[PDB]
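Shown next as structure tokens: one chain only, the form deposited in one PDB entry.
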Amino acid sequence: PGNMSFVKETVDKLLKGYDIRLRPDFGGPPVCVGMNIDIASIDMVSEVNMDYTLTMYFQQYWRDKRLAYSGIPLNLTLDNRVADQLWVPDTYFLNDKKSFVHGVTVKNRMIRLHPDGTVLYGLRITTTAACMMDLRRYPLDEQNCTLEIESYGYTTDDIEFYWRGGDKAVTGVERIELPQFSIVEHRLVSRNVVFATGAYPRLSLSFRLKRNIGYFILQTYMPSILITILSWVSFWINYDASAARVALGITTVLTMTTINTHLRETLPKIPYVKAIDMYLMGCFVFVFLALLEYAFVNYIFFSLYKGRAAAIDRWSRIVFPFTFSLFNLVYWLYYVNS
């Protein structure tokens, strides 16, 4: 029975002579360490840092025959500091950038023994994981980011990993909602990874981050569209007022580049051109041609010529909307259907 002294002496007997340096069944078949996770929160996702932060409860199961006990029906729960006295696996996350076991009040670890010797070792972790992204479709993009788990020291000759519960082993991801993304899908994998030192077991968790387009419509496309069409107001300004159309056009150019720099304020200095950059280039091209059209009109007006200027103004009044419509059609069809 669970008499206080009896439990004390039973546990002392278990640990008396227990060796930390040797893993369970040393020299024999591997330790089958079952893995289990309970996602608490994906704190952030960052393109500028090419990483995401994740808080979770991380559990591990194995049987160590040296800890089998009888005469006690309880699945004993012990103070977490027993972890420093027992053998615990060397599992670590390959692609983490920085991580820490939460230490509030007392370090967030769990150890619970079972009569058959099974050990449930669990601890709460916040981890920043590296995931560089395919930004080429920036506002319309979809990302795959993963958490890679391996044993640092013990190879497949000593340790084996498996998801305890199979496809059900990770939970809480169904309740994760993000400002910028939504988790379309998550998939669990198990595989062996081979280095020069030997074959090391791996488990990996992956998320399909589909981006929400809502944000960029609000902050980027609305301003750029409104300032683009504002540039066409020049054709509604008579060329008799020669000094006003230049001010209008150059103001639109200034505003367009000012909007562009705000994106560069919030992005990695990545080389290639992104779809957002392509859209900004198109809008800036239309603004630039709107200004150059007044310059051309003023050339023709001084080089019947009033009629030519008015005809060019009307032709632009029609064609600039038409050309911009063609641009928009091609842009959205291409970046949606591709």
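Numbering starts at 1 and follows the sequence shown. Note that the rigid core is defined as the largest set of C-alphas that superpose within 1.5 Å between two forms.
This protein has a second form, the form deposited in another entry, left out of what is shown; the following refers to that one.
Among the candidates 189, 267, 106, 217, displacement between the shown form and the other one reaches 2 angstroms at the C-alpha for one position only, 267 (superposition on the rigid core). In the core-superposed comparison between the shown form and the other one, the C-alpha atom of residue 22 has shifted by less than 2 angstroms.
Here residue 84 does not count as shifted, since its C-alpha moves by less than 2 Å between the shown form and the other one after the core is aligned. Once both forms are fitted on their core, the CA shift for residue 93 between the shown form and the other one remains under 2 Å. Figure legend: C-alpha atoms of residue 42 and residue 270, shown here, are separated by at least 3 angstroms less in the other entry.
Compared with the form shown here, the Cα atoms of residue 268 and residue 214 move at least 3 Å closer together in the other entry.
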